[PDB]
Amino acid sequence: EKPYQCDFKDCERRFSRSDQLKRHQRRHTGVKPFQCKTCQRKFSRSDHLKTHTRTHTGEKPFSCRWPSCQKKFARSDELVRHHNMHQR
């Protein structure tokens, strides 16, 4: 079920997919294939580079649904936390 096993020293992680293992292993090696064209910072993952680029443009695609709240967020998890706060 999880045949892709990490063999790095002291690590026991295993994964269902080979790409998960490959992505995981960049945390051991420090390899960062993806670079921001704006600030030259490098990243282990293409999706994290994409949300990072938002920090330069101010793009915030996720809006609070609460009436009379104008708050919006770059990422969906920021909005999840925000909505959780409204109800609490």
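For clarity, a rigid core is taken as the largest C-alpha set superposing within 1.5 Å between two forms. Numbering starts at 1 and follows the sequence shown.
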* Structure fact -> Should one compare 65 to 73 and 19 to 27 by root mean square Cα distance from the shown form in 4 other deposited structures of this protein, core superposed, the larger belongs to 65 to 73
* To do: Decide which of the stretches 78 to 86 and 1 to 9 has the higher mean C-alpha B-factor, going by the entry.
  => 1 to 9
* Asked: For the C-alpha atoms alone, is the average B factor greater in 17 to 25 or in 60 to 68, going by the entry?
  -> 60 to 68
* **B-factor third for the C-alpha atom of residue 37 within its chain** => highest
